[PDB]
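Report on the following structure.
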Amino acid sequence: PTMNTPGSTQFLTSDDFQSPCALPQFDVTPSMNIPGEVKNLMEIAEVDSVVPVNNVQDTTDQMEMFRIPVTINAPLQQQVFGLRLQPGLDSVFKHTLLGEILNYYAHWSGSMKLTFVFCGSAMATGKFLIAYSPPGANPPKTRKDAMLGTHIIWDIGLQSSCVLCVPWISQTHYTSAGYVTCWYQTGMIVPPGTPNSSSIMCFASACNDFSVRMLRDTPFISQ
Amino acid sequence: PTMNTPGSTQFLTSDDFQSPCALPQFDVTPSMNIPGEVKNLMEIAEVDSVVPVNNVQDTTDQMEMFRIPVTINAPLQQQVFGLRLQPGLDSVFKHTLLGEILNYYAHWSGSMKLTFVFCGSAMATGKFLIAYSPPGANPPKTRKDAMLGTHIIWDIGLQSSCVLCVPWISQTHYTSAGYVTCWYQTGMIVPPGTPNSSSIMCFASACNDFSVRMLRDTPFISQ
Amino acid sequence: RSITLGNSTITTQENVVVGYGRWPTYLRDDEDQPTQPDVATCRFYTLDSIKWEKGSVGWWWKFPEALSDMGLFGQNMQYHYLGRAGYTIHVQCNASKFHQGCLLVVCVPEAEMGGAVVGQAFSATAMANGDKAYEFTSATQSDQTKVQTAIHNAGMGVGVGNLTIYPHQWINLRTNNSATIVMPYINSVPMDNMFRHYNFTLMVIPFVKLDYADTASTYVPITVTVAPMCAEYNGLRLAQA
Amino acid sequence: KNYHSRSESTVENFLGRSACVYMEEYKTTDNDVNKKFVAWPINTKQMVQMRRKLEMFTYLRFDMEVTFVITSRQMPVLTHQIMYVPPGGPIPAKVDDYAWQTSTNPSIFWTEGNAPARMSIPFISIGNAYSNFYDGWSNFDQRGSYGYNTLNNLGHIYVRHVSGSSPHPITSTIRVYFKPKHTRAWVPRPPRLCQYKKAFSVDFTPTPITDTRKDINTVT
Amino acid sequence: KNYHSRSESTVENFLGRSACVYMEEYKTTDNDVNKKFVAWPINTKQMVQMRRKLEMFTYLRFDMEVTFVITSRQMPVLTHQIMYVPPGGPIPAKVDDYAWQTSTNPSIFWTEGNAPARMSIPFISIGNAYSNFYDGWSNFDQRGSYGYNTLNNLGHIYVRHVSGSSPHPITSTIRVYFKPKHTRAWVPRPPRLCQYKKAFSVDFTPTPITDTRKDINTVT
């Protein structure tokens, strides 16, 4: 029957209380329907973004980070690239769109989508073995080991986009994390008068839905 | 569930709160219906007012400021007067009714009305070219240039009032401003026994509607 | 096959990526402030043809300053004061099947770009100057009166990989060769002066460098075709009594 | 910029603003009885800005509200008697007399450390509206005061420091805020164009109508 | 760990947080009139963290609320005039002038020992949304200031200590908290990837995109 109860005479710095209007008897300029209204920060993370898969120790320029190299000369069993899915701590995905949104939260889980698009000559053909390792599993060390697991044989000739929806993507705050590896299966074959190099670009998204809980400040830009 | 919340124990000097009556049990003298009740300050500005168009550098008396001179002798292509429509900063309109109301606000826009009434002999005749320049446009430098734009040929013989509703009148806090100019077209023609001079008076109003937003003190009378 | 578009000039071509799902439209679809829609403005104002060489970095054109010297549109910018317009941009390149490369055609609304030297000012001739394709450069820029122009940060400090937020279309030479981006009018004021404000900046960024094999044409010509659609202006005549 | 409409130009929310109108100090102990309390005839012709606004109307009918901000400098709690003498009441001529003890004078008692004192005086006057301008004389022989009537008169606020047998040597400073409420106005009037020279007269010295420019044809 | 769903990622409760934005001190008596009061143009480009969050959108429309925490050290109750000059108002250039007495500047009067002072400034601007980024010039000759418009301008808060004839030799310290309310945002924009070098420019120095690892095939 009182409002002088303990804990109700303070500034709690997260008040939802209403407060006096500084200047009433002032008309605001009514809102205009501007294109592209945003309702969640999750909409931002559901937009595909070029991830820098290549980011070798000695990197001459910063625009070769988005290019995974593929060449004519290279053995039939050789590894193209390796990734560790952990889009919040792994260096590859750290500064992508998906990475930035995630780092403002302390708990998150869901699925992500990885599209691999071959950007190269229109006359090249070959096959690859995009292989996926479950969270607990070790990355395969040979193409033969990789093939036993979950694998998609991506034909560069008949397709040029391979979309992989990956589940069990969680915060994990070494670590249990999935792995996506890719292996030569046939090598790149070209006819006369065609370059001897091509590249593969990679994209990442936040798939159908993700859930983020509890705000936190970014550990990027320092105060 | 409290009224001891932060920001509710102060004098905000713009309170809309009700307060105790100093002496209750006192009967007020009931209101009388006095003529001319006012409901807006905008009603004041919608009353026509004589603007001092003429206000030359060397002005002998203060009653010749409301008279634009027109004479028998003057070339057929000569300029009568010039104005820059900006009824809140231009010296001409600064102290008119419309000017005074506007200077108590910091944002305003709408249209104004300019009536040009020839006060002169009842035997004079002639023509003028009241020309209007859009906000971005430069004032015309010759009568020929003026005639290409928007122009009204005001016949002094058959009319003696020319009413010009002008749009795009805004605050603009050099500046983009319209211009109203007037040019000789025929000169003043009179029969014997008639003066060789006449004058044109000018009026200004706030037209159909104006809108004023955010109070401010006048920069006229100093404290 | 070939859906020949005619307006007052013809452009033969053969997806549309709408800016945000909003088509250009008149402000009248919503006296004191009358407007004057000019319906003769639209037509394909084809810009100059840049050469995509092997050693190139990227290009940008400020709008609506690119069309400041282009016909009727150019004239209206001088005459009239306030005006609003939307644009249909067709970026087409022509290349064989022995050429390999990738481009990111992106329309970036309101891109403020920092100076090359931190804490210095630069002239308006360093961003736009009629119809010119200003060139991004590799590494830093140390010329004081230039824009930063470092490709990897896109000259805005945002990281070049993240430009995919904005309405973008990828021209992968392997398959497609055309990009149509229909940009609507996006501003916080109904209509604005077209000299003061550069509404959006079109950037074409090669993400994979051109490799042309041997004894083939050493450049791929990229042509930009802009048609201003649904352009409105301000009235220049007095109202009734 | 865009057009729209207004409703910030209505008379009520034009003239209805809280504005400082008087500031004075007093010392509880000194040799001048004048300075041991504060007197203040209520009028709205002291603040020049406020005056100019109200003088754009001839008749005004409003009930005001008065808020006081009192501070004090040199130990225990201090109380203030904020008395209101209405027209034709007894006025104190010295600190402590029967005029302070009058029970027909609404008197607030406010002690420091609490939200400001306030009261709302109603529409006092036997007329049907206060008149800013009066064009007449006090008597019909027409030899009296000019431009003064008693029907626009408002009372006085007298502030004193409630003290014991022997006061402290404290000093206080008061500030008065004044705000019309439920304003109505009748007959509009042209704005002032001269600088005020008296607080009760309409006296002025002639001044040019407007600023000059080089030539009639010259506009830049 | 389990999945479920979210609703902590909505724009309103992302950008709507109370955060310190300014802290300053002032002394009532000294030889520098600059230090006898506090000035503070309102902007949200001083706290680096807060800036980065808001800059992920191009247009923003919100009405803020400002809470002040004031402390003071060296006897009686002390009051503070927390004035708000809105855009295009008169600004005080010294302590005590007519700009403090202006009645069109919303001014709180808060005395110590009570719950913090607060007010909620509405959406001021003649535009239809504040614009974080502006890619233009102040004039159409294009020789003026770059990346600055006046439609995103917000007023100034001026704080002074309400004092008598002779102030005390007290000193006070203010802290300002700022919180958007009813936020709406239009057009999203990529996050920053460089360290800010100016509080008004977008100037930066190039930086590598991401951290490096030993080999493309090597992942641990």
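In the structure tokens, the first chain shown is A, the next is B, and so on; residue numbers restart at 1 for each chain, and ligands run from 1 in the order shown.
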
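For chain A, the residues close to chain E, meaning within 6 Å and counting only C-alpha atoms, are residues 13, 20, 21, 22, 31, 36, 37, 38, 39, 40, 41, 54, 55, 56, 57, 81, 82, 211, 212 and 223 of chain A.
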
Interface, chain E side, toward chain D (7 Å; only C-alpha atoms) as a PDB file with N, CA and C atoms, in the first residue's frame:
```
ATOM      1  N   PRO E  76      24.255  24.572   2.445  1.00  0.00           N
ATOM      2  CA  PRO E  76      22.807  24.520   2.324  1.00  0.00           C
ATOM      3  C   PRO E  76      22.508  23.839   1.015  1.00  0.00           C
ATOM      4  N   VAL E  77      21.213  23.660   0.668  1.00  0.00           N
ATOM      5  CA  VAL E  77      20.782  23.085  -0.586  1.00  0.00           C
ATOM      6  C   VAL E  77      21.252  23.914  -1.760  1.00  0.00           C
ATOM      7  N   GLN E 101      17.753  33.941 -19.408  1.00  0.00           N
ATOM      8  CA  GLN E 101      16.462  34.420 -18.965  1.00  0.00           C
ATOM      9  C   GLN E 101      15.444  34.237 -20.052  1.00  0.00           C
ATOM     10  N   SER E 103      12.691  32.643 -22.334  1.00  0.00           N
ATOM     11  CA  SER E 103      11.580  31.837 -21.891  1.00  0.00           C
ATOM     12  C   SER E 103      11.186  30.799 -22.906  1.00  0.00           C
ATOM     13  N   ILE E 126      13.200  19.486 -39.537  1.00  0.00           N
ATOM     14  CA  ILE E 126      12.219  19.806 -40.542  1.00  0.00           C
ATOM     15  C   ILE E 126      12.271  18.776 -41.640  1.00  0.00           C
ATOM     16  N   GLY E 127      13.218  17.812 -41.556  1.00  0.00           N
ATOM     17  CA  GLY E 127      13.330  16.691 -42.457  1.00  0.00           C
ATOM     18  C   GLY E 127      12.387  15.636 -41.978  1.00  0.00           C
ATOM     19  N   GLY E 164      23.458  33.004  -5.582  1.00  0.00           N
ATOM     20  CA  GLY E 164      23.023  34.264  -5.036  1.00  0.00           C
ATOM     21  C   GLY E 164      23.876  35.368  -5.590  1.00  0.00           C
TER      22      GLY E 164
END
```

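Interface residues on chain C toward chain B (cut-off 12 Å, only C-alpha atoms): residues 31, 32, 33, 34, 35, 76, 77, 78, 79, 80, 81, 82, 193, 234, 235, 236, 237, 238, 239, 240 and 241 of chain C.
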
Secondary structure check, strand (DSSP E or B) residues of segment 54-202 of chain D, as a VMD selection string: chain D and resid 57 to 73 79 to 85 107 to 111 117 to 120 130 to 131 137 146 156 to 162 171 to 188

Least-squares align chain A to chain B using all Cα atoms paired by position, then dump the moved coordinates as a compact mmCIF listing (two decimals) with C-alpha atoms, in the first residue's frame.
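Once written, result_16.txt looks like this:
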```txt
# COMPACT_ATOMS: atom_id res chain seq x y z
CA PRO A 1 4.58 1.24 -9.64
CA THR A 2 6.17 4.41 -8.21
CA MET A 3 6.02 8.20 -8.52
CA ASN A 4 9.52 8.68 -7.08
CA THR A 5 10.97 7.69 -10.48
CA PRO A 6 13.93 9.81 -11.73
CA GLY A 7 12.76 13.00 -13.42
CA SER A 8 9.64 13.72 -11.41
CA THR A 9 10.68 16.10 -8.66
CA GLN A 10 11.69 19.26 -10.43
CA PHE A 11 10.36 22.50 -11.84
CA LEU A 12 10.48 22.02 -15.60
CA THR A 13 9.33 25.58 -16.45
CA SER A 14 6.78 24.46 -19.03
CA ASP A 15 4.59 22.39 -16.67
CA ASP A 16 1.06 21.52 -17.75
CA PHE A 17 0.28 20.38 -14.19
CA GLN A 18 -2.70 21.75 -12.27
CA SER A 19 -1.94 23.78 -9.14
CA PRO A 20 -3.90 24.88 -6.00
CA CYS A 21 -6.17 27.92 -6.35
CA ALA A 22 -4.92 30.83 -4.23
CA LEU A 23 -8.34 31.98 -3.09
CA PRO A 24 -11.28 29.64 -3.74
CA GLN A 25 -14.76 30.77 -2.66
CA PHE A 26 -14.51 33.77 -4.92
CA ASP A 27 -16.83 34.37 -7.86
CA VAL A 28 -15.31 35.68 -11.06
CA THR A 29 -17.07 38.31 -13.16
CA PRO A 30 -18.49 36.25 -16.09
CA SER A 31 -17.15 36.91 -19.60
CA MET A 32 -18.79 39.45 -21.88
CA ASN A 33 -19.09 39.03 -25.64
CA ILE A 34 -16.80 41.86 -26.76
CA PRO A 35 -16.48 42.33 -30.58
CA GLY A 36 -13.48 40.97 -32.47
CA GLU A 37 -12.34 37.87 -30.56
CA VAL A 38 -9.00 36.49 -31.78
CA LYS A 39 -8.22 32.77 -32.00
CA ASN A 40 -4.89 32.73 -33.87
CA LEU A 41 -1.96 35.02 -34.50
CA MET A 42 -2.38 33.91 -38.13
CA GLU A 43 -5.57 35.95 -38.43
CA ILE A 44 -3.44 39.07 -37.84
CA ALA A 45 -1.07 38.15 -40.67
CA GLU A 46 -3.94 37.61 -43.13
CA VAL A 47 -4.70 41.35 -43.07
CA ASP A 48 -3.26 43.42 -45.93
CA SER A 49 -0.55 45.91 -45.00
CA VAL A 50 1.16 48.72 -46.90
CA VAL A 51 4.76 47.64 -47.56
CA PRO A 52 7.47 50.32 -47.96
CA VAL A 53 8.88 49.30 -51.38
CA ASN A 54 10.74 52.57 -51.82
CA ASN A 55 13.42 53.01 -49.19
CA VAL A 56 16.31 54.65 -51.01
CA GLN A 57 19.66 55.38 -49.34
CA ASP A 58 18.96 59.09 -48.94
CA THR A 59 15.37 59.48 -47.80
CA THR A 60 14.21 63.01 -46.97
CA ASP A 61 11.03 62.02 -45.09
CA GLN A 62 9.51 58.77 -43.93
CA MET A 63 6.17 59.08 -45.74
CA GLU A 64 7.69 58.75 -49.21
CA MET A 65 8.68 55.18 -48.46
CA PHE A 66 5.23 53.91 -49.40
CA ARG A 67 5.26 55.62 -52.80
CA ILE A 68 6.91 54.13 -55.86
CA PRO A 69 7.38 57.04 -58.32
CA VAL A 70 6.06 56.94 -61.89
CA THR A 71 6.62 59.92 -64.19
CA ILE A 72 5.79 61.09 -67.72
CA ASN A 73 9.44 61.39 -68.69
CA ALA A 74 11.36 58.14 -68.53
CA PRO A 75 12.40 55.77 -71.40
CA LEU A 76 10.07 53.05 -72.68
CA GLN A 77 12.40 50.36 -71.38
CA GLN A 78 13.31 51.27 -67.85
CA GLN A 79 12.75 49.46 -64.55
CA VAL A 80 10.16 50.68 -62.05
CA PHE A 81 11.09 48.64 -58.97
CA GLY A 82 12.61 45.37 -57.78
CA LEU A 83 11.70 43.13 -54.85
CA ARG A 84 13.10 39.92 -53.46
CA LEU A 85 10.45 37.77 -51.88
CA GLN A 86 11.65 36.64 -48.51
CA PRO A 87 9.16 38.22 -46.12
CA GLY A 88 11.25 37.54 -42.99
CA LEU A 89 14.71 38.87 -43.80
CA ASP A 90 14.26 41.28 -46.73
CA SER A 91 14.23 44.85 -45.41
CA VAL A 92 11.05 45.77 -47.32
CA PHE A 93 8.83 43.22 -45.60
CA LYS A 94 10.74 43.09 -42.31
CA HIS A 95 8.46 45.39 -40.28
CA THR A 96 5.12 44.80 -42.05
CA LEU A 97 2.28 42.85 -40.31
CA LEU A 98 3.34 39.69 -42.11
CA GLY A 99 6.98 40.29 -41.13
CA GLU A 100 6.28 40.74 -37.42
CA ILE A 101 4.23 37.54 -37.02
CA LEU A 102 6.82 35.49 -38.94
CA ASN A 103 9.78 36.62 -36.80
CA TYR A 104 8.27 34.93 -33.73
CA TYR A 105 8.82 31.55 -35.43
CA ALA A 106 11.75 29.57 -36.72
CA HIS A 107 10.05 27.59 -39.49
CA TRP A 108 7.35 28.76 -41.84
CA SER A 109 6.15 28.23 -45.38
CA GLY A 110 3.17 28.93 -47.64
CA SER A 111 2.13 31.57 -50.20
CA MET A 112 1.69 35.35 -49.99
CA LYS A 113 -0.45 37.76 -52.00
CA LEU A 114 0.84 41.02 -53.53
CA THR A 115 -1.69 43.60 -54.75
CA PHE A 116 -0.39 46.61 -56.72
CA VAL A 117 -2.78 49.55 -56.68
CA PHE A 118 -2.15 52.62 -58.85
CA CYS A 119 -3.03 55.72 -56.81
CA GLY A 120 -2.88 58.56 -59.28
CA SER A 121 -4.87 60.71 -61.69
CA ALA A 122 -8.12 59.49 -63.20
CA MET A 123 -7.00 60.39 -66.72
CA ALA A 124 -3.67 58.54 -66.92
CA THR A 125 -3.20 55.40 -69.02
CA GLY A 126 -0.29 53.08 -69.80
CA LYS A 127 0.93 49.52 -69.41
CA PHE A 128 3.41 47.75 -67.14
CA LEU A 129 5.07 44.30 -67.19
CA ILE A 130 4.93 42.84 -63.69
CA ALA A 131 7.34 39.90 -64.12
CA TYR A 132 8.01 37.01 -61.75
CA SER A 133 11.23 34.98 -61.55
CA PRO A 134 11.20 31.43 -60.02
CA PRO A 135 13.28 30.74 -56.84
CA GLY A 136 16.41 29.55 -58.65
CA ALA A 137 16.26 32.09 -61.49
CA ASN A 138 18.26 35.31 -61.73
CA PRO A 139 16.34 38.63 -61.92
CA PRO A 140 15.96 39.76 -65.61
CA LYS A 141 18.29 42.56 -66.70
CA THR A 142 16.21 43.87 -69.60
CA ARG A 143 12.51 44.15 -70.35
CA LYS A 144 12.98 41.65 -73.18
CA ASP A 145 14.43 39.04 -70.82
CA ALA A 146 11.59 39.68 -68.37
CA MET A 147 8.91 39.17 -70.99
CA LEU A 148 10.09 35.62 -71.78
CA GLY A 149 9.38 34.50 -68.18
CA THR A 150 6.03 34.81 -66.39
CA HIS A 151 4.60 38.27 -66.96
CA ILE A 152 1.27 40.05 -66.54
CA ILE A 153 0.58 43.09 -68.73
CA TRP A 154 -1.23 45.35 -66.25
CA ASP A 155 -3.29 47.96 -68.05
CA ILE A 156 -3.53 51.07 -65.84
CA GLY A 157 -6.48 52.28 -67.93
CA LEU A 158 -8.87 49.35 -67.53
CA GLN A 159 -7.74 48.13 -64.11
CA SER A 160 -6.18 49.74 -61.11
CA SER A 161 -5.48 46.68 -58.99
CA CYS A 162 -3.31 43.70 -59.97
CA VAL A 163 -3.39 40.77 -57.50
CA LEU A 164 -0.50 38.25 -57.65
CA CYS A 165 -0.65 35.07 -55.52
CA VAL A 166 3.01 33.88 -55.30
CA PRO A 167 3.91 30.27 -54.24
CA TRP A 168 7.14 28.73 -52.78
CA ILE A 169 7.58 31.19 -49.92
CA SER A 170 9.82 29.47 -47.34
CA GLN A 171 12.09 30.31 -44.39
CA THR A 172 15.51 29.72 -46.06
CA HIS A 173 17.54 29.95 -42.83
CA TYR A 174 23.35 33.59 -51.20
CA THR A 175 19.71 32.55 -50.74
CA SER A 176 17.28 31.16 -53.29
CA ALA A 177 14.45 33.65 -53.46
CA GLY A 178 11.95 34.75 -56.08
CA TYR A 179 11.90 38.24 -57.53
CA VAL A 180 9.09 40.51 -58.62
CA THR A 181 10.15 43.24 -61.00
CA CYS A 182 8.10 45.72 -62.96
CA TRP A 183 9.02 47.47 -66.18
CA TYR A 184 7.75 50.33 -68.31
CA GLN A 185 6.03 49.22 -71.49
CA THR A 186 4.35 52.37 -72.77
CA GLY A 187 5.06 55.04 -70.16
CA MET A 188 2.44 57.23 -68.55
CA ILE A 189 0.29 59.26 -70.94
CA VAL A 190 -1.88 62.12 -69.67
CA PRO A 191 -4.07 64.79 -71.35
CA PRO A 192 -3.61 68.57 -70.67
CA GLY A 193 -4.09 69.88 -67.12
CA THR A 194 -3.05 66.73 -65.28
CA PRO A 195 0.03 66.25 -62.98
CA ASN A 196 3.23 64.73 -64.38
CA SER A 197 3.72 62.27 -61.54
CA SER A 198 1.75 59.43 -59.98
CA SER A 199 2.55 56.66 -57.54
CA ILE A 200 1.95 52.96 -57.02
CA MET A 201 1.26 51.54 -53.57
CA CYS A 202 1.81 47.91 -52.67
CA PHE A 203 0.20 45.48 -50.22
CA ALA A 204 1.13 42.06 -48.79
CA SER A 205 -0.83 39.32 -47.01
CA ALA A 206 -0.41 35.69 -45.89
CA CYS A 207 -2.90 34.30 -48.46
CA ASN A 208 -5.16 31.26 -47.83
CA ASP A 209 -3.02 29.53 -45.26
CA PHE A 210 0.48 29.56 -43.87
CA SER A 211 1.95 27.23 -41.28
CA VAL A 212 4.27 28.30 -38.50
CA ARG A 213 6.20 25.90 -36.26
CA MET A 214 8.35 26.39 -33.15
CA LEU A 215 8.26 29.57 -31.02
CA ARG A 216 11.24 31.92 -30.87
CA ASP A 217 11.70 35.44 -29.49
CA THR A 218 11.78 38.45 -31.84
CA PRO A 219 15.21 39.93 -32.66
CA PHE A 220 13.66 43.42 -32.71
CA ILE A 221 13.00 45.02 -29.31
CA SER A 222 15.99 44.30 -27.09
CA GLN A 223 15.69 43.48 -23.39
```

For chain C, which residues have at least one atom within 8 Å of chain E, if we go by only C-alpha atoms? Write them as a PyMOL selection string, please. chain C and resi 110-115+118-119+123-124+140+150+152-153+156-159+162-163+165-166+188-189+195-199

Select from segment 12-221 of chain A everything DSSP, run on the backbone, classes as helix (DSSP H, G or I), then give the selection as a compact mmCIF listing (two decimals) with N, CA, C and O atoms, in the first residue's frame.
```txt
# COMPACT_ATOMS: atom_id res chain seq x y z
N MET A 42 18.63 -9.21 -37.70
CA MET A 42 18.72 -10.52 -38.29
C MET A 42 18.52 -10.50 -39.76
O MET A 42 19.06 -11.35 -40.46
N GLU A 43 17.78 -9.50 -40.29
CA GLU A 43 17.60 -9.32 -41.71
C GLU A 43 18.91 -9.03 -42.40
O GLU A 43 19.15 -9.53 -43.49
N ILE A 44 19.80 -8.26 -41.74
CA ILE A 44 21.13 -7.93 -42.20
C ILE A 44 21.96 -9.18 -42.36
O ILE A 44 22.67 -9.32 -43.36
N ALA A 45 21.89 -10.11 -41.39
CA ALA A 45 22.71 -11.30 -41.39
C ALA A 45 22.23 -12.34 -42.36
O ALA A 45 22.97 -13.28 -42.64
N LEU A 97 29.46 -10.25 -42.76
CA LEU A 97 28.20 -9.72 -42.28
C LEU A 97 27.66 -10.53 -41.14
O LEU A 97 27.26 -9.99 -40.12
N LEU A 98 27.68 -11.86 -41.31
CA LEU A 98 27.23 -12.82 -40.34
C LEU A 98 28.06 -12.75 -39.09
O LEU A 98 27.52 -12.84 -38.00
N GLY A 99 29.38 -12.52 -39.21
CA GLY A 99 30.28 -12.44 -38.09
C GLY A 99 30.00 -11.25 -37.22
O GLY A 99 29.96 -11.37 -36.00
N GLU A 100 29.79 -10.07 -37.84
CA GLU A 100 29.58 -8.81 -37.18
C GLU A 100 28.34 -8.78 -36.33
O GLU A 100 28.40 -8.33 -35.19
N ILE A 101 27.21 -9.29 -36.85
CA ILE A 101 25.94 -9.36 -36.14
C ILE A 101 26.04 -10.26 -34.95
O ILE A 101 25.56 -9.92 -33.87
N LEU A 102 26.72 -11.42 -35.09
CA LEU A 102 26.86 -12.42 -34.06
C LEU A 102 27.66 -11.95 -32.88
O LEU A 102 27.39 -12.38 -31.77
N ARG A 143 41.68 -38.00 -49.33
CA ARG A 143 40.48 -37.94 -50.12
C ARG A 143 39.63 -39.16 -49.90
O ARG A 143 38.41 -39.09 -49.97
N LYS A 144 40.27 -40.32 -49.66
CA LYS A 144 39.60 -41.58 -49.43
C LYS A 144 38.82 -41.57 -48.16
O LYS A 144 37.67 -42.01 -48.15
N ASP A 145 39.41 -41.03 -47.07
CA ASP A 145 38.78 -40.84 -45.79
C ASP A 145 37.59 -39.91 -45.87
O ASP A 145 36.57 -40.13 -45.22
N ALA A 146 37.71 -38.85 -46.69
CA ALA A 146 36.70 -37.83 -46.87
C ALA A 146 35.47 -38.35 -47.53
O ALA A 146 34.37 -37.92 -47.21
N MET A 147 35.66 -39.26 -48.50
CA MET A 147 34.64 -39.84 -49.33
C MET A 147 33.71 -40.75 -48.58
O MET A 147 32.55 -40.89 -48.96
N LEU A 148 34.19 -41.39 -47.49
CA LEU A 148 33.41 -42.24 -46.62
C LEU A 148 32.34 -41.48 -45.88
O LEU A 148 31.24 -42.00 -45.71
```

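Between atom CA of residue 110 of chain D and atom CA of residue 97 of chain D there is a distance of 20.3 Å.
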
Can you pull out the residues contacting segment 19-24 of chain C? Cut-off 7 Å, using only C-alpha atoms, and skip same-chain residues under 5 positions away; I want them as a list in words. residues 35 and 36 of chain A; 86, 167, 181, 182, 183, 184, 185, 229 and 230 of chain C
